[PDB]
Amino acid sequence: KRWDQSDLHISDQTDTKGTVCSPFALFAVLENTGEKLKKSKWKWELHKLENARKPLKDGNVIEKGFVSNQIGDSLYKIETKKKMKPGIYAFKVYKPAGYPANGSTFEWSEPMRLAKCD
């Protein structure tokens, strides 16, 4: 329940410009600009979206987890382990317990599109 003063922002995600054929794994990279991430849980969900109209709407959660895979001093990655199918997707990352009450309780990635190439 203690907030460790971490502040994670989505910095990048899979670039699906043009035709990216399913299956291809999706990811997001997050930078922590706050204090070191220790015990605060930053939940994430990969949503299969109805569409990419902003602001993004909750869809079907097909994978989930917590931000944990450290790739730099202040940098983390979330990614898929299940086989992807054609559709439109985005990661939704939730503020941890005790996070300040300014702004949203979540952050979405940009939408990512996987084509049907069969």
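Residues numbered from 1 in each chain as written, not as in the entry; some residues may be left out. Heavy atoms only, no water. Residues with missing side-chain atoms left out of burial classes, pairs and counts.

- X-ray crystallography is the method the PDB entry states for this structure, with the resolution given as 1.0700 Å.

1. Thoughts on the overall build of the protein
Right, on to step 1. Of the regular secondary structure elements, the protein holds zero helices and nine strands.
Right, on to step 2. The order of α-helices and β-strands along the protein, N terminus first, is β-β-β-β-β-β-β-β-β.
Right, on to step 3. In terms of overall size, the protein behaves like a compact globule, its C-alpha atoms giving a radius of gyration of 15 Å where 118 residues would be expected to give roughly 13 Å.
Right, on to step 4. Counting only C-alpha atoms, the protein reaches 50 × 25 × 20 Å along its principal axes.
Right, on to step 5. In the protein, of all internal contacts separated by at least 6 residues, the share reaching a separation of at least 24 is 66%. (Helix = DSSP H or I, 4+ residues; strand = E, 2+ residues; numbered from the N terminus. Rg over C-alpha atoms; globule rule 2.2 N^0.38 Å. Contact = heavy atoms within 4.5 Å.)

2. Remarks on the sheet that holds strand β6 (residues 75-79)
Right, on to step 1. Read from one edge of the open sheet, four strands run β1-β2-β6-β5, paired in antiparallel fashion. The open sheet is flanked by β1 (8-13) and β5 (69-72), the only strands paired with a single partner. Averaged over all pairs of adjacent strands, the angle between strand axes in this sheet comes to 35°, irrespective of strand direction. (Pairing = 2+ DSSP bridges. Axes fitted to C-alpha atoms, helices over the stretch in contact; angles between N-to-C directions.)

3. Concerning the layout of surface pockets
Right, on to step 1. Roughly 170 Å³ of volume is contained in the largest pocket.
Right, on to step 2. As for the largest pocket, its lining consists of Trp44, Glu63, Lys64, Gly65, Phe66, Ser68, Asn69, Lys77, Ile78, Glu79 and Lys81.
Right, on to step 3. For the lining of the largest pocket, the secondary-structure elements that each account for two or more residues are β4 (60-66) and β6.
Right, on to step 4. It is β4 that contributes the most residues to the lining of the largest pocket, four residues altogether.
Right, on to step 5. Residue classes in the lining of the largest pocket are distributed as three nonpolar, three polar and five charged. (1 Å grid on protein atoms, 1.4 Å probe; cavity = no way out; pocket = protein on both sides within 12 Å on 5 of 7 lines; lining within 4 Å. Points joined across faces, edges and corners; volume = space filled by probe spheres on them. Nonpolar A, V, L, I, M, F, W, Y, C, P; charged D, E, K, R; others polar.)

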